[PDB]
Structures are given as structure tokens and as C-alpha cells.
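S.K.: Supplied structure: upload.cif, mmCIF, C-alpha atoms and all ligand atoms.
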data_run
loop_
_atom_site.group_PDB
_atom_site.id
_atom_site.type_symbol
_atom_site.label_atom_id
_atom_site.label_comp_id
_atom_site.auth_asym_id
_atom_site.auth_seq_id
_atom_site.Cartn_x
_atom_site.Cartn_y
_atom_site.Cartn_z
ATOM 1 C CA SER A 30 0.000 0.000 0.000
ATOM 2 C CA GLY A 31 2.773 2.485 -0.974
ATOM 3 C CA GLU A 32 5.755 1.258 1.126
ATOM 4 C CA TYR A 33 8.659 -0.313 -0.725
ATOM 5 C CA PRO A 34 7.697 -4.013 -1.361
ATOM 6 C CA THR A 35 9.295 -6.844 0.405
ATOM 7 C CA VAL A 36 9.026 -10.554 0.328
ATOM 8 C CA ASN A 37 6.270 -10.334 2.918
ATOM 9 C CA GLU A 38 4.015 -8.276 0.574
ATOM 10 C CA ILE A 39 4.615 -9.907 -2.834
ATOM 11 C CA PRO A 40 2.257 -12.882 -3.402
ATOM 12 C CA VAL A 41 3.901 -16.142 -4.347
ATOM 13 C CA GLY A 42 5.157 -16.099 -7.929
ATOM 14 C CA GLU A 43 4.317 -12.409 -8.445
ATOM 15 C CA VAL A 44 6.177 -9.142 -9.102
ATOM 16 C CA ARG A 45 5.545 -5.655 -7.780
ATOM 17 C CA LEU A 46 6.474 -2.296 -9.278
ATOM 18 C CA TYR A 47 7.373 0.835 -7.317
ATOM 19 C CA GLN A 48 7.326 4.331 -8.777
ATOM 20 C CA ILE A 49 10.696 6.001 -8.196
ATOM 21 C CA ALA A 50 10.325 9.168 -10.282
ATOM 22 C CA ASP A 51 8.503 10.348 -13.388
ATOM 23 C CA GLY A 52 9.006 7.593 -15.956
ATOM 24 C CA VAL A 53 11.162 5.504 -13.564
ATOM 25 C CA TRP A 54 10.029 2.389 -11.670
ATOM 26 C CA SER A 55 11.779 -0.385 -9.837
ATOM 27 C CA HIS A 56 10.585 -3.964 -10.069
ATOM 28 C CA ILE A 57 10.759 -6.313 -7.096
ATOM 29 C CA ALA A 58 10.446 -10.097 -7.047
ATOM 30 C CA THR A 59 11.508 -12.907 -4.765
ATOM 31 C CA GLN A 60 13.387 -16.111 -5.394
ATOM 32 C CA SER A 61 14.872 -18.973 -3.451
ATOM 33 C CA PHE A 62 18.534 -19.968 -3.735
ATOM 34 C CA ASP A 63 20.252 -22.607 -1.618
ATOM 35 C CA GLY A 64 17.164 -22.914 0.580
ATOM 36 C CA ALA A 65 16.729 -19.253 1.523
ATOM 37 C CA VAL A 66 14.403 -16.614 0.077
ATOM 38 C CA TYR A 67 15.656 -13.267 -1.167
ATOM 39 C CA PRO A 68 14.161 -10.155 -2.777
ATOM 40 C CA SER A 69 15.797 -8.526 -5.759
ATOM 41 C CA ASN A 70 15.308 -5.340 -7.703
ATOM 42 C CA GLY A 71 15.462 -4.174 -11.305
ATOM 43 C CA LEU A 72 14.580 -0.955 -13.133
ATOM 44 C CA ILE A 73 12.087 0.189 -15.765
ATOM 45 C CA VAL A 74 12.652 3.483 -17.586
ATOM 46 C CA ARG A 75 10.255 5.106 -20.004
ATOM 47 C CA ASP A 76 11.855 5.500 -23.465
ATOM 48 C CA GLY A 77 9.305 7.645 -25.341
ATOM 49 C CA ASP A 78 6.319 5.340 -25.969
ATOM 50 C CA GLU A 79 8.419 2.220 -25.197
ATOM 51 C CA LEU A 80 10.159 0.903 -22.067
ATOM 52 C CA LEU A 81 13.767 0.020 -21.264
ATOM 53 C CA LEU A 82 14.095 -2.815 -18.748
ATOM 54 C CA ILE A 83 17.147 -3.173 -16.493
ATOM 55 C CA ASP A 84 17.633 -6.737 -15.193
ATOM 56 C CA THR A 85 15.313 -9.708 -15.114
ATOM 57 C CA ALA A 86 13.134 -10.620 -12.138
ATOM 58 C CA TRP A 87 15.359 -13.592 -11.162
ATOM 59 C CA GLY A 88 13.897 -16.578 -13.003
ATOM 60 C CA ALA A 89 11.790 -17.462 -16.023
ATOM 61 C CA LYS A 90 8.436 -17.502 -14.264
ATOM 62 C CA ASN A 91 9.185 -14.362 -12.276
ATOM 63 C CA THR A 92 10.184 -12.602 -15.523
ATOM 64 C CA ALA A 93 6.964 -13.677 -17.272
ATOM 65 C CA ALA A 94 5.108 -12.262 -14.266
ATOM 66 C CA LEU A 95 7.158 -9.043 -14.589
ATOM 67 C CA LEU A 96 6.057 -8.586 -18.190
ATOM 68 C CA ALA A 97 2.421 -9.114 -17.154
ATOM 69 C CA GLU A 98 2.771 -6.653 -14.277
ATOM 70 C CA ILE A 99 4.254 -4.035 -16.595
ATOM 71 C CA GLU A 100 1.373 -4.489 -19.028
ATOM 72 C CA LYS A 101 -1.154 -4.114 -16.171
ATOM 73 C CA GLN A 102 0.492 -1.105 -14.500
ATOM 74 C CA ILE A 103 2.167 0.816 -17.341
ATOM 75 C CA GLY A 104 0.881 -0.546 -20.653
ATOM 76 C CA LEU A 105 3.826 0.361 -22.846
ATOM 77 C CA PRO A 106 5.901 -2.268 -24.640
ATOM 78 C CA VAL A 107 9.264 -3.400 -23.281
ATOM 79 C CA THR A 108 11.504 -3.237 -26.326
ATOM 80 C CA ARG A 109 15.014 -3.560 -24.865
ATOM 81 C CA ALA A 110 16.605 -5.005 -21.731
ATOM 82 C CA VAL A 111 20.065 -4.611 -20.228
ATOM 83 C CA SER A 112 21.482 -7.080 -17.709
ATOM 84 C CA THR A 113 23.951 -5.483 -15.302
ATOM 85 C CA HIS A 114 25.976 -8.649 -14.511
ATOM 86 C CA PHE A 115 25.974 -12.361 -15.238
ATOM 87 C CA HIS A 116 24.223 -13.827 -12.167
ATOM 88 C CA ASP A 117 20.744 -15.383 -12.322
ATOM 89 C CA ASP A 118 19.121 -12.438 -10.551
ATOM 90 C CA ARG A 119 20.134 -10.357 -13.586
ATOM 91 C CA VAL A 120 19.928 -12.720 -16.597
ATOM 92 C CA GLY A 121 17.585 -15.515 -15.402
ATOM 93 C CA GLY A 122 14.561 -14.738 -17.547
ATOM 94 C CA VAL A 123 16.451 -13.486 -20.598
ATOM 95 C CA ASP A 124 15.075 -16.460 -22.600
ATOM 96 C CA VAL A 125 11.514 -15.378 -21.621
ATOM 97 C CA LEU A 126 12.318 -11.803 -22.651
ATOM 98 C CA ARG A 127 13.794 -12.882 -25.960
ATOM 99 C CA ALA A 128 10.789 -15.092 -26.788
ATOM 100 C CA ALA A 129 8.555 -12.140 -26.039
ATOM 101 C CA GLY A 130 10.446 -10.094 -28.660
ATOM 102 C CA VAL A 131 12.524 -7.979 -26.217
ATOM 103 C CA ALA A 132 16.025 -7.266 -27.488
ATOM 104 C CA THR A 133 18.463 -8.282 -24.706
ATOM 105 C CA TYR A 134 21.836 -6.656 -24.109
ATOM 106 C CA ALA A 135 24.854 -7.000 -21.787
ATOM 107 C CA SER A 136 28.544 -6.272 -21.890
ATOM 108 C CA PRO A 137 30.762 -8.848 -23.615
ATOM 109 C CA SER A 138 32.188 -9.644 -20.207
ATOM 110 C CA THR A 139 28.755 -10.428 -18.824
ATOM 111 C CA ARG A 140 27.853 -12.514 -21.870
ATOM 112 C CA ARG A 141 31.051 -14.602 -21.534
ATOM 113 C CA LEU A 142 30.531 -15.135 -17.777
ATOM 114 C CA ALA A 143 26.877 -16.058 -18.231
ATOM 115 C CA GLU A 144 27.740 -18.592 -20.912
ATOM 116 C CA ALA A 145 30.521 -20.126 -18.809
ATOM 117 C CA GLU A 146 28.201 -20.325 -15.738
ATOM 118 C CA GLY A 147 25.322 -21.979 -17.593
ATOM 119 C CA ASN A 148 23.142 -18.933 -17.128
ATOM 120 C CA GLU A 149 20.919 -17.392 -19.796
ATOM 121 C CA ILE A 150 22.792 -15.253 -22.305
ATOM 122 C CA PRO A 151 21.727 -11.778 -23.542
ATOM 123 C CA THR A 152 21.810 -11.487 -27.317
ATOM 124 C CA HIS A 153 23.642 -8.219 -27.969
ATOM 125 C CA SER A 154 27.020 -7.043 -26.748
ATOM 126 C CA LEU A 155 27.467 -3.568 -25.233
ATOM 127 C CA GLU A 156 30.863 -2.296 -26.370
ATOM 128 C CA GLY A 157 32.593 0.710 -24.892
ATOM 129 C CA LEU A 158 32.374 -0.485 -21.278
ATOM 130 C CA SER A 159 35.514 -2.577 -20.841
ATOM 131 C CA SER A 160 37.629 -0.101 -18.836
ATOM 132 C CA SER A 161 36.706 1.193 -15.392
ATOM 133 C CA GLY A 162 35.201 4.649 -15.683
ATOM 134 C CA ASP A 163 33.724 3.977 -19.131
ATOM 135 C CA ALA A 164 30.246 5.200 -19.902
ATOM 136 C CA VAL A 165 27.878 4.875 -22.823
ATOM 137 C CA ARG A 166 24.373 6.081 -23.530
ATOM 138 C CA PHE A 167 21.505 3.644 -24.036
ATOM 139 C CA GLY A 168 18.112 5.255 -24.599
ATOM 140 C CA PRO A 169 17.131 7.272 -21.528
ATOM 141 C CA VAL A 170 20.010 5.998 -19.392
ATOM 142 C CA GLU A 171 23.768 6.115 -19.076
ATOM 143 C CA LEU A 172 25.527 2.790 -18.474
ATOM 144 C CA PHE A 173 28.731 3.009 -16.393
ATOM 145 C CA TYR A 174 31.385 0.413 -15.628
ATOM 146 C CA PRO A 175 32.856 1.333 -12.231
ATOM 147 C CA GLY A 176 35.337 -1.524 -11.995
ATOM 148 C CA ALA A 177 35.164 -4.861 -10.210
ATOM 149 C CA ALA A 178 32.957 -4.934 -7.130
ATOM 150 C CA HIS A 179 30.209 -7.474 -6.451
ATOM 151 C CA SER A 180 31.336 -9.067 -9.708
ATOM 152 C CA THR A 181 34.033 -8.220 -12.217
ATOM 153 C CA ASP A 182 31.434 -7.260 -14.853
ATOM 154 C CA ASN A 183 28.946 -5.249 -12.810
ATOM 155 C CA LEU A 184 27.452 -2.179 -14.464
ATOM 156 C CA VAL A 185 25.601 0.730 -12.923
ATOM 157 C CA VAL A 186 22.801 2.694 -14.595
ATOM 158 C CA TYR A 187 21.994 6.414 -14.263
ATOM 159 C CA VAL A 188 18.758 8.074 -15.323
ATOM 160 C CA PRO A 189 19.765 11.715 -15.916
ATOM 161 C CA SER A 190 16.226 13.049 -16.254
ATOM 162 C CA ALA A 191 15.503 12.042 -12.672
ATOM 163 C CA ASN A 192 18.944 11.813 -11.060
ATOM 164 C CA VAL A 193 18.293 8.157 -10.267
ATOM 165 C CA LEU A 194 21.329 5.926 -9.701
ATOM 166 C CA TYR A 195 20.634 2.222 -10.059
ATOM 167 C CA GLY A 196 23.633 0.640 -8.447
ATOM 168 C CA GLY A 197 22.683 -2.959 -9.012
ATOM 169 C CA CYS A 198 24.462 -5.546 -6.878
ATOM 170 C CA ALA A 199 27.549 -3.312 -6.462
ATOM 171 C CA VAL A 200 25.405 -1.286 -4.007
ATOM 172 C CA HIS A 201 23.792 -2.554 -0.811
ATOM 173 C CA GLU A 202 20.846 -1.254 1.136
ATOM 174 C CA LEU A 203 21.324 0.714 4.370
ATOM 175 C CA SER A 204 19.992 -1.997 6.671
ATOM 176 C CA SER A 205 22.612 -4.455 5.577
ATOM 177 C CA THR A 206 25.381 -5.325 7.943
ATOM 178 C CA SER A 207 26.974 -7.894 5.636
ATOM 179 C CA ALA A 208 27.977 -7.697 1.987
ATOM 180 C CA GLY A 209 25.564 -10.168 0.441
ATOM 181 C CA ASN A 210 26.704 -12.961 -1.828
ATOM 182 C CA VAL A 211 30.401 -12.306 -2.377
ATOM 183 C CA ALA A 212 31.239 -15.530 -4.196
ATOM 184 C CA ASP A 213 32.325 -13.695 -7.350
ATOM 185 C CA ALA A 214 33.312 -10.376 -5.751
ATOM 186 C CA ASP A 215 36.592 -8.415 -5.634
ATOM 187 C CA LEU A 216 36.454 -7.139 -2.030
ATOM 188 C CA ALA A 217 39.760 -5.294 -2.369
ATOM 189 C CA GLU A 218 38.700 -3.320 -5.490
ATOM 190 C CA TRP A 219 35.070 -2.803 -4.480
ATOM 191 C CA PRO A 220 35.666 0.372 -2.420
ATOM 192 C CA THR A 221 37.664 1.898 -5.299
ATOM 193 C CA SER A 222 34.839 1.061 -7.658
ATOM 194 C CA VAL A 223 32.306 2.674 -5.291
ATOM 195 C CA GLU A 224 34.501 5.781 -5.078
ATOM 196 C CA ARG A 225 34.360 5.980 -8.888
ATOM 197 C CA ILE A 226 30.558 5.853 -8.747
ATOM 198 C CA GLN A 227 30.482 8.594 -6.096
ATOM 199 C CA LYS A 228 32.773 10.802 -8.204
ATOM 200 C CA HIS A 229 30.827 10.281 -11.420
ATOM 201 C CA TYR A 230 27.269 10.729 -10.008
ATOM 202 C CA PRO A 231 27.537 13.306 -7.200
ATOM 203 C CA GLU A 232 24.047 14.675 -7.914
ATOM 204 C CA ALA A 233 22.201 11.373 -7.580
ATOM 205 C CA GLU A 234 19.038 11.832 -5.551
ATOM 206 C CA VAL A 235 17.847 8.229 -5.338
ATOM 207 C CA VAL A 236 20.171 5.225 -5.140
ATOM 208 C CA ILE A 237 18.669 1.785 -5.790
ATOM 209 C CA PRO A 238 20.536 -1.350 -4.618
ATOM 210 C CA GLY A 239 20.393 -4.718 -6.377
ATOM 211 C CA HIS A 240 18.531 -6.111 -3.333
ATOM 212 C CA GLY A 241 16.537 -4.183 -0.723
ATOM 213 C CA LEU A 242 15.318 -0.657 -0.140
ATOM 214 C CA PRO A 243 16.290 2.430 -2.169
ATOM 215 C CA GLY A 244 17.684 5.450 -0.359
ATOM 216 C CA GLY A 245 19.993 8.357 -1.040
ATOM 217 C CA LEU A 246 23.689 8.781 -1.662
ATOM 218 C CA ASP A 247 24.474 7.220 1.764
ATOM 219 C CA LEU A 248 24.028 3.775 0.258
ATOM 220 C CA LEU A 249 27.352 4.255 -1.538
ATOM 221 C CA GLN A 250 29.460 4.933 1.541
ATOM 222 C CA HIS A 251 27.498 2.324 3.508
ATOM 223 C CA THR A 252 28.357 -0.262 0.846
ATOM 224 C CA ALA A 253 32.066 0.619 1.010
ATOM 225 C CA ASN A 254 31.878 0.257 4.803
ATOM 226 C CA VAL A 255 30.157 -3.150 4.789
ATOM 227 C CA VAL A 256 32.541 -4.491 2.177
ATOM 228 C CA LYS A 257 35.631 -3.332 4.125
ATOM 229 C CA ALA A 258 34.227 -4.864 7.314
ATOM 230 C CA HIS A 259 33.592 -8.159 5.492
ATOM 231 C CA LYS A 260 37.133 -8.233 4.104
ATOM 232 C CA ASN A 261 38.328 -7.466 7.668
HETATM 233 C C1 LIG B 301 22.089 -15.253 -7.715
HETATM 234 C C2 LIG B 301 23.081 -14.633 -6.717
HETATM 235 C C3 LIG B 301 22.575 -14.588 -5.276
HETATM 236 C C4 LIG B 301 22.020 -15.718 -4.651
HETATM 237 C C5 LIG B 301 21.578 -15.629 -3.310
HETATM 238 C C6 LIG B 301 21.683 -14.430 -2.602
HETATM 239 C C7 LIG B 301 22.257 -13.306 -3.214
HETATM 240 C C8 LIG B 301 22.555 -11.979 -2.796
HETATM 241 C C9 LIG B 301 22.270 -11.391 -1.451
HETATM 242 C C10 LIG B 301 21.824 -10.082 -1.374
HETATM 243 C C11 LIG B 301 21.578 -9.494 -0.146
HETATM 244 C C12 LIG B 301 21.727 -10.232 1.012
HETATM 245 C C13 LIG B 301 21.422 -9.601 2.371
HETATM 246 S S1 LIG B 301 22.877 -8.820 3.133
HETATM 247 C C14 LIG B 301 23.265 -7.386 2.160
HETATM 248 O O1 LIG B 301 22.535 -8.377 4.471
HETATM 249 O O2 LIG B 301 23.983 -9.787 3.096
HETATM 250 C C15 LIG B 301 22.123 -11.555 0.907
HETATM 251 F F1 LIG B 301 22.262 -12.272 2.063
HETATM 252 C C16 LIG B 301 22.389 -12.156 -0.310
HETATM 253 C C17 LIG B 301 23.149 -11.361 -3.894
HETATM 254 C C18 LIG B 301 23.756 -10.018 -3.991
HETATM 255 O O3 LIG B 301 24.549 -9.736 -3.054
HETATM 256 O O4 LIG B 301 23.722 -9.376 -5.072
HETATM 257 N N1 LIG B 301 23.184 -12.192 -4.934
HETATM 258 C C19 LIG B 301 22.673 -13.396 -4.545
HETATM 259 N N2 LIG B 301 24.409 -15.276 -6.713
HETATM 260 C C20 LIG B 301 25.584 -14.547 -6.474
HETATM 261 O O5 LIG B 301 25.607 -13.353 -6.377
HETATM 262 C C21 LIG B 301 26.741 -15.471 -6.412
HETATM 263 N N3 LIG B 301 26.159 -16.792 -6.518
HETATM 264 C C22 LIG B 301 26.916 -18.076 -6.496
HETATM 265 C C23 LIG B 301 27.262 -18.457 -7.992
HETATM 266 C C24 LIG B 301 26.153 -19.317 -8.665
HETATM 267 C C25 LIG B 301 26.388 -19.681 -10.137
HETATM 268 N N4 LIG B 301 25.190 -20.139 -10.801
HETATM 269 C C26 LIG B 301 24.714 -16.681 -6.647
HETATM 270 O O6 LIG B 301 23.954 -17.593 -6.732
HETATM 271 ZN ZN ZN B 302 25.313 -11.051 -8.396
HETATM 272 ZN ZN ZN B 303 22.593 -9.628 -6.654
#
As C-alpha cells, what does this structure read like?
Ligand SMILES: C[C@@H](c1cccc2c(-c3ccc(CS(C)(=O)=O)c(F)c3)c(C(=O)O)[nH]c12)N1C(=O)CN(CCCCN)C1=O
Ligand SMILES: [Zn+2]
Ligand SMILES: [Zn+2]

M.R.:
Amino acid sequence: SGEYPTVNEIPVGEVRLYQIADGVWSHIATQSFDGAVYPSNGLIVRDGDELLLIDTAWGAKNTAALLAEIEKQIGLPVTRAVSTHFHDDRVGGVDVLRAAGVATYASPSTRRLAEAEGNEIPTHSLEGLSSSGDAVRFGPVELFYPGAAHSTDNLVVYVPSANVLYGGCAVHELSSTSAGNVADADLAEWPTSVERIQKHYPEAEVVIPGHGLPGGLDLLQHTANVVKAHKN
């Protein structure tokens, strides 16, 4: 009823949307992995009379439900999707998207990692993102490669019309004490990568993590802190 959705308020097998700004929504879904349940976020950005999707809803059925929720709530066609790293919470559902006619994109790094992992593989490669600090435009967003963090391939997404920074899994929510699933992380580089985000997007007004509640710029420093404490 207006609060940011959580696993306790999303019915089984469903997806919820949350309005972030004019023409900007997050999507929230839940999934189980290794016998625990987790929420995860993605982004939807209006692109004229079409939509740009950032990240799947973590699974084929969740991603089908995401498409249905978008049709119900927004009613504009999703024409393109970008996955911000190779893990299943970002690419699981790309096959659903592709069969629905959505053009799916990721960096070449992400596409290689997804293929090697046995995860679903976005169709189109996003060049111009291979060095830390690189940025490219993609419809109504800027894509930015901050360096290795949660994963070596993680991208961040900025919506300049609204000053919305979608950090993806390189950014944690404020209530976190721990640094999430670090299996593929670079804990030593992660703070440097966060510093690059802070320097590039100093006017961000909303910061959205890959999992959990959006907030402000504090999520960036908080993430650096939790990562350093984990490494320690
Ligand atoms: C699919 C993905 C994955 C699964 C389960 C949980 C998470 C989490 C995660 C987020 C927040 C918290 C709460 S908190 C801040 O308080 O800790 C948490 F507890 C875990 C993250 C994330 O941090 O973004 N991602 C996860 N994922 C990986 O990321 C690495 N991996 C292993 C490789 C599998 C290859 N097929 C995996 O399955
Ligand atoms: Zn991940
Ligand atoms: Zn994640």
C-alpha cells in the first residue's frame, strides 16, 4: 500500500512495481537460492512510448510475471533489456524476454561469464564499457562500468532526467550489515569502484541497490563500509 515491497508483501510467484520518479520504476520479485528466500530489484525506464528494462526478475516464471505486471500497471511495450551482470538475478529470464520479442543486451564480459556459468545469455554485446570509468548512452540511461565490485562485470545505470542511480548488486541497502553474496566479488577493489561511482554521479538523488530498499547517496558509503568490514 505504498511502502517499498518486500518478500512479505509480494504474493507467491508475483512481481511488484514501485514508482521512483517520473518515468522511472523499480521492479521487485523474490526467489529462493540454496534454501533461503531473497528479494531482488530491477529498473524500468520510459523510453518515449516504449520501455527500457534493467535486469530480469530472477527466473523465467518471475520474468513472465514481470512482463504481465508491466502491461497491467504501465501498458507500454518493453523493447530492450540490459542485464547489469551475469548472475541469475540479472539474466535468469532473458530467454523469456527474448521469446517475447525484447532485445536483450549485456557487456561482452557479462555474456562470456553467463555462458561459462550456464546462465541465460543476452543477445547483444554492449561495447565501450571494458575499462573502469567507461560510460555509454543507451536510450534514456547512461551505463557506467565502475570496476570490479560485487562481480568483475557489474554495471551501474543512471537516469539523468531524474537523477536516479541504479547501483545494481555493487550497491547494498542501508539496513545491511553484511555484503551479500560475495562468491564472485573483488572485495579489495570494491571500495575503489564505489569511489568511482560517487565521483561520477555526485548529484544522484535516489540510489537503488540490487537487493533491498532504495535510499539516497548514503548507500554508496554504507556499501564501502560493509565491504571493508567483510574483508576485515
Ligand atoms: C544469484 C546470486 C545470489 C544468490 C543468493 C543471494 C544473493 C545476494 C544477497 C543479497 C543481499 C543479502 C542480504 S545482506 C546485504 O545483508 O547480506 C544476501 F544475504 C544475499 C546477492 C547479492 O549480493 O547481489 N546475490 C545473490 N548469486 C551470487 O551473487 C553469487 N552466486 C553463487 C554463484 C552461482 C552460479 N550459478 C549466486 O547464486
Ligand atoms: Zn550477483
Ligand atoms: Zn545480486

S.K.: List as a ChimeraX atom specification the protein and nucleic acid residues near residue A:47, meaning an atom at most 7 Å away when all atoms listed in the file are counted, but skip any in the same chain fewer than 5 places from it.

M.R.: /A:33,54-56

S.K.: Could you list the protein, DNA and RNA residues that have any atom within 6 Å of ligand ZN 303 (chain B), counting all atoms listed in the file, and write them as a PyMOL selection string?

M.R.: chain A and resi 118+198+239

S.K.: Considering all atoms listed in the file, can you say which of A:38, A:86, A:221, A:72 comes closest to residue A:58?

M.R.: A:86

S.K.: How would you write, as a PyMOL selection string, the set of residues no farther than 12 Å from ligand ZN 302 (chain B) when counting only C-alpha atoms and all ligand atoms?

M.R.: chain A and resi 69-70+84+87+112-121+139+142-143+148+177-184+196-201+208-215+238-240

S.K.: Run the PyMOL selection byres (((chain A and resi 194) around 10) and not hetatm) on the file and write out the hits as number ranges by chain.

M.R.: A: 170-171, 185-189, 191-193, 195-197, 226, 230-238, 243, 245-246

S.K.: In Å, rounded to a single decimal, give me how far atom CA of residue A:81 is from atom CA of residue A:110.

M.R.: 5.8 Å
